[PDB]
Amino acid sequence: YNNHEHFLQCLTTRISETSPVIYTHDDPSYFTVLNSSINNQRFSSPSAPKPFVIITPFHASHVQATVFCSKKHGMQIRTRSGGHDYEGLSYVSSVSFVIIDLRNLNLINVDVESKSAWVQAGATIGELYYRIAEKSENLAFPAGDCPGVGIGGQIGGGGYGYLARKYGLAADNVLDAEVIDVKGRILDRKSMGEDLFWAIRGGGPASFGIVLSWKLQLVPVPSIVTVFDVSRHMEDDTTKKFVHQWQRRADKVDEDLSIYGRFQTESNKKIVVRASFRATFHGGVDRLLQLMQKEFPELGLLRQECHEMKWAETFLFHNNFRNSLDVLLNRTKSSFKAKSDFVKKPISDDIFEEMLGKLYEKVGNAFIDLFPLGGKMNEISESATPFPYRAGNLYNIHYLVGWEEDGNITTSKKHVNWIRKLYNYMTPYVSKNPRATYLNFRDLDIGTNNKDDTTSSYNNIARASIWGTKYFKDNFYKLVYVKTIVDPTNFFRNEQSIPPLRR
């Protein structure tokens, strides 16, 4: 049926090849290209699905060529920017597929005077922050703190970080974009239309096309911002009461302050729960300390725990570069299962302790992170982008268990079973109808698409609404509309792709 030799002929006659663009199985570099941006090591096993070829475009025509031949020869495309997909959806598929790996499409053009930047979709967050800092210490972009994450995927799913309470998600700060649609057309915001421009900014662009570039609204930051990354003992009542106050106030304090939490256990053996709190305050240390005295005296934050620095240098601090130049952010690994939830009402202290108690089963390799919402996030409409979890959401909670990848599926299954049990435990206390899920914390467990029988688009939409309303609440229905208009034959699909309505 799908002749892979004809497909390869199609590729090589439509992609001229002197930089290497097409990587085949017998190419030794095929595996390093493949492996180099697999972040979740579960999916790097030789027994994980493997692309027939990997395409590293240098030019849009390479992408257009790939879309043409993949359509013509029945190949599925997986687009990869930073490779951080929790479930590896950018480089695994259960059908014959090619990866379009955008690592060479990482040009960034920052313009200080317009406070904007064109960013090719293969750039990483660290590359974006470096390029902004190159030009201004007073400009920023609201995105995440992991420097190796691809900007294509992070904005494609929303993009939260320390500036979100001040300026919203990365997706809330996109002025324009370039995308390749299923017809191979290069479209920007005007030519793609507002609805597709909406969908790719948080709706999972893999469902709709291939984003080549974003035009980003840069945002102002003071020359001095303050960070801390503070460890506390959850056995101390003041730390328990801090967490109690964090649940009720972290989304309400001064928008310039974002305090994340992280809980883990630590090791006659005694096991304890370490509670770590890491923050960026977009301002000076004296304002921070008096804010913390008013709002969170329970943390006992010390002036000596605070560190003032330029905005871009906080991503050194928050990635444990505390000895190093900003150039470390130009450097573009374990297996894990992660799950997450949005919290809309504070979790009573006893339940919170019980949830923490589950970490006693996974000392040192399981982590519960808390991320505050509110602030600017409450002022953004639930339909402004596909990300719907704005006002009414207090914080996001993120569960993660990690392990060394040794190709042992029994190890994997135990960890996944543990995290699934914690997630089930959490069900009554987190959002419901839908169980709010951040798309960038991708979780196939919340539901996937029809694979066996995809002939009824009514049934596809119904099945997809299960995971779809969890990621997007009522934005799911517009996403379906956009999918219907922009990719009616459903060329761009994966395990959790928006399905089109069909006749």
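In this text, residue numbers run from 1 along the sequence as written.
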item	value
Deposited but uncoordinated residues in the residue 106/residue 107 interval	none
Unmodelled deposited residues between residue 17 and residue 18, binned	1 to 3
Stretch with the higher entry mean CA B-factor, where the candidates are 152-160 and 407-415	407-415
Given 268-276 and 214-222, the range whose Cα B-factors average higher in the PDB entry	268-276
Candidate residues 206, 196, 368, 112, the one whose C-alpha B factor the record puts highest	112
From 84, 339, 287, 201, residue of greatest CA B-factor	287
Third of the chain, ranked by Cα B-factor, where residue 378 sits	middle
Chain third (lowest, middle, highest) by recorded CA B-factor, residue given as residue 9	highest
Third of the chain's Cα B-factor distribution that residue 291 belongs to, per the entry	highest
Position of residue 93 among the chain's modelled residues by C-alpha B-factor, lowest, middle or highest third	middle
Assigned third (lowest, middle, highest) for the C-alpha B factor of residue 353	middle
